[PDB]
Amino acid sequence: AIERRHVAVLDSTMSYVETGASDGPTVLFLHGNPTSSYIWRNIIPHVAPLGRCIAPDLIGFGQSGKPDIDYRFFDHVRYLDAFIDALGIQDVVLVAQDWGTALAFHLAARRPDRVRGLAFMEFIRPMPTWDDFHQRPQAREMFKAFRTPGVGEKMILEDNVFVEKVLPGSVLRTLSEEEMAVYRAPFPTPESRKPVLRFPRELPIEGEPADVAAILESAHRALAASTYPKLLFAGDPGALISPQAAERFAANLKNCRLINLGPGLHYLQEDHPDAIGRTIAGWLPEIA
């Protein structure tokens, strides 16, 4: 009982995977850069017996449409909101990673009524300095380059380094040639890679861009006050989130359980699908 579908959204379409009607909650899975619903493929089967799983491809990613837009964070907000409306999704449990977490936090800040729980990992937070981005200095230098005009275009649009090198580089196991062919499929041309280049330029680092920084600071205030149940997964060493930062974050949030998965980098779904899926499955009955 699983299907890839498409739905008209604003000026385009979005693709999504759906497991269909369930007596349990609706569970909305949100990927980040430069992945798609595909990253949840080994996790969703653990959750499907307990809830209706919906995993969209963000606009410009996966099998979603490629409209002529900027692909800013605010564009993703609008397309995801319209996706939610088009499917009639109401109460939801959010499962999110990377930019999917920023979308989840901003959704919960505006519509707290609807958010019944949040399982998250490797999340976006305002970063006052570059030392607050990532944990390895060579990664900081690379993302500084992505954020530099001209240089980032060459690296991401022309050479496709985010898909071809950064993605497999932040998985401990080796992604197979067939897995990489799926991950590369949305991005055959420099033009198609525009969303992949815009995302790192949206990261709120040193207060810039100021519009994203302010919106995510507000979303984090709402998250800190919120009372819905939460699961925070973390790897060692992780990438955006160190083990120490994850422990402090989960300790300070309300109703938040920390799951230390063990050795892992950024794309934790690729190294720990059973642990993530089984843990979410065991936690959903607390929500219902």
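The first residue of the sequence shown is numbered 1, and numbering continues consecutively from there.
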Worksheet item: Can we call the ring centroids of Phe73 and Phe199 under 6.0 Å apart?
Response: no
Discussion item. Walk me through whether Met127 and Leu203 qualify under side chain to side chain contact (heavy atoms under 4.5 Å, CB included).
Written reply: CA-CA 8 Å; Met127 292 156 279; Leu203 283 171; 4.2 Å; yes
Discussion item. By the side chain to side chain donor-acceptor pair (under 3.5 Å) test, which pairs, at least two apart or in different chains, include something from residues 212-228?
Written reply: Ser226-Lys230
Worksheet item: Hey, are the side chains of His76 and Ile59 touching, using non-hydrogen atoms and a 4.5 Å cut-off?
Response: yes
Worksheet item: Closest heavy-atom contact between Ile215 and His106?
Response: CG2-ND1, 3.6 Å
Item to complete: State plainly whether one hydrophobic cluster holds both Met14 and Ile2, where clusters connect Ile, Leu, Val, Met, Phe, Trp and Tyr through side-chain heavy atoms under 4.5 angstrom apart.
Response: no
Worksheet item: Should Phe162 and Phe146 be marked as a ring-ring contact (aromatic ring centres under 6.0 Å, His included) after you check the CA-CA gap, both sets of side-chain angles, and the distance that decides it?
Response: CA-CA 9 Å; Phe162 214 120; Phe146 291 164; 5.4 Å; yes
Worksheet item: More than 12 non-hydrogen atoms from neighbouring residues, nucleotides or ligands closer than 6.0 Å to CD on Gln135, yes or no?
Response: yes
Item to complete: Scan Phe233, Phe105, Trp99 and name whichever one has a ring-ring contact (aromatic ring centres under 6.0 Å, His included) with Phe120.
Response: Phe105
Worksheet item: Does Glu286 pair with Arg257 as a salt bridge, N-O distance under 4.0 Å?
Response: yes
Worksheet item: Between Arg78 and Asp75, is the closest basic N to carboxylate O distance under 4.0 Å?
Response: yes
Worksheet entry | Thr148 side-chain N/O to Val151 backbone N/O, donor-acceptor pair under 3.5 Å | no
Item to complete: Verify side chain to side chain contact (heavy atoms under 4.5 Å, CB included) between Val93 and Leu28, making sure each step is shown before the conclusion.
Response: CA-CA 6 Å; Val93 175; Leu28 180 64; over 6 Å; no
Fill in: Ion pair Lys165/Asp159, N-O distance below 4.0 Å
no
Worksheet, complete the sentence: Which of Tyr38, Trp40, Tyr16 passes ring-ring contact (aromatic ring centres under 6.0 Å, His included) with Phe29? Answer is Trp40
Fill in: Flag, side chain of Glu122 to backbone of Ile241, donor-acceptor distance under 3.5 Å
yes
Worksheet item: Which heavy atom in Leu253 sits nearest to a heavy atom in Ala224, and how many Å separate them?
Response: CD2-CA, 3.8 Å
Worksheet item: So how far is it from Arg116 CZ to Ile287 CD1, rounded to the nearest 0.5 Å?
Response: 7.5 Å
Discussion item. Can you list everything that forms a side chain to side chain contact (heavy atoms under 4.5 Å, CB included) with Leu172? Sequence neighbours excluded, please.
Written reply: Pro263, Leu265, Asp271
Worksheet item: If you measure from NE2 on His134 to CZ on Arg136, what distance do you get to the nearest 0.5 Å?
Response: 4.5 Å
Validation: residues 60-70 side-chain donor-acceptor distances under 3.5 Å, sequence neighbours left out:
from  : atom 1 : to     : atom 2 : distance (Å)
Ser64 : OG     : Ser15  : N      : 2.9
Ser64 : OG     : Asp57  : O      : 2.7
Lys66 : NZ     : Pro186 : O      : 2.8

Worksheet item: Can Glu270 and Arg41 be said to form a salt bridge (charged side-chain N to carboxylate O under 4.0 Å, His left out), step by step?
Response: CA-CA 10 Å; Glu270 296 294 5; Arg41 68 201 178 284; 2.9 Å; yes
Worksheet item: From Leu197 CG over to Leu157 CG, what is the distance, rounded to the nearest 0.5 angstrom?
Response: 5.0 Å
Item to complete: Begin with the C-alpha distance, continue with both residues' side-chain angles, and end with the deciding distance and a verdict on salt bridge (charged side-chain N to carboxylate O under 4.0 Å, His left out) for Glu202 and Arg147.
Response: CA-CA 9 Å; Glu202 295 285 277; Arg147 285 162 71 92; over 6 Å; no
Practice prompt. Could you check if a side-chain atom of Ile54 sits within less than 4.5 angstrom of a side-chain atom of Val27, using non-hydrogen atoms only?
Written response: no
Fill in: For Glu141, side-chain hydrogen bond (donor to acceptor under 3.5 Å, both in side chains) partners two or more places apart
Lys144
Discussion item. Around atom CG of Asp23, are there more than 12 heavy atoms from other residues, nucleotides or ligands closer than 6.0 Å?
Written reply: no
Worksheet item: Which pair of heavy atoms, one from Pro285 and one from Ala281, lies closest together, and at what distance?
Response: CD-O, 3.1 Å
Worksheet item: Got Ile280 and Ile276 here, is their nearest side-chain heavy-atom distance under 4.5 Å?
Response: yes
Worksheet item: Is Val17 reachable from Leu80 through a run of I, L, V, M, F, W or Y residues, each pair having side-chain heavy atoms under 4.5 Å apart?
Response: no
Worksheet entry | Donor-acceptor side-chain pairing of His266 and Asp98 below 3.5 angstrom | yes
Item to complete: Answer yes or no: does atom CE of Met142 have more than 12 heavy-atom neighbours from other residues, nucleotides or ligands under 6.0 Å?
Response: no
Practice prompt. Verify side chain to side chain contact (heavy atoms under 4.5 Å, CB included) between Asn42 and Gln269, making sure each step is shown before the conclusion.
Written response: CA-CA 8 Å; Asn42 290 318; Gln269 304 97 316; over 6 Å; no
Worksheet, complete the sentence: Closest heavy-atom pair, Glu153 versus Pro149, reported as atoms and distance to 0.1 Å, is OE1-C, 3.7 Å
Worksheet item: Are any of the side-chain nitrogens in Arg184 or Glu179 under 4.0 Å away from the carboxylate oxygens of its partner?
Response: no
Worksheet entry | Minimum heavy-atom distance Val196-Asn33, with the two atoms named | O-ND2, 3.3 Å
Worksheet entry | Pair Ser176-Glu178, side-chain donor/acceptor within less than 3.5 Å | no
Fill in: Over 12 foreign heavy atoms within 6.0 Å of CZ, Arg4
yes
Practice prompt. Locate the shortest heavy-atom distance separating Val7 from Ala86; write the atom from each residue and the value.
Written response: CG2-CB, 3.8 Å
Worksheet item: With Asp236, which residues qualify under side chain to side chain contact (heavy atoms under 4.5 Å, CB included), at least two apart?
Response: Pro243
Worksheet item: Taking C-beta and beyond as the side chain, do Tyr79 and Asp11 meet within less than 4.5 Å on heavy atoms?
Response: yes
Fill in: Enclosure of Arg278 CZ (heavy-atom neighbours >12, cutoff 6.0 Å)
no
Worksheet item: With distance as the sole criterion, is a donor-acceptor pair present between the side chains of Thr101 and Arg125 under 3.5 Å?
Response: no
Item to complete: Mind running side chain to side chain contact (heavy atoms under 4.5 Å, CB included) on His46 and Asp274 for me, showing each step along the way?
Response: CA-CA 8 Å; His46 291 285; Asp274 279 359; 2.8 Å; yes
Discussion item. Test of understanding: with ring-ring contact (aromatic ring centres under 6.0 Å, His included), list the residues that count as partners of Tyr267, not counting sequence neighbours.
Written reply: none
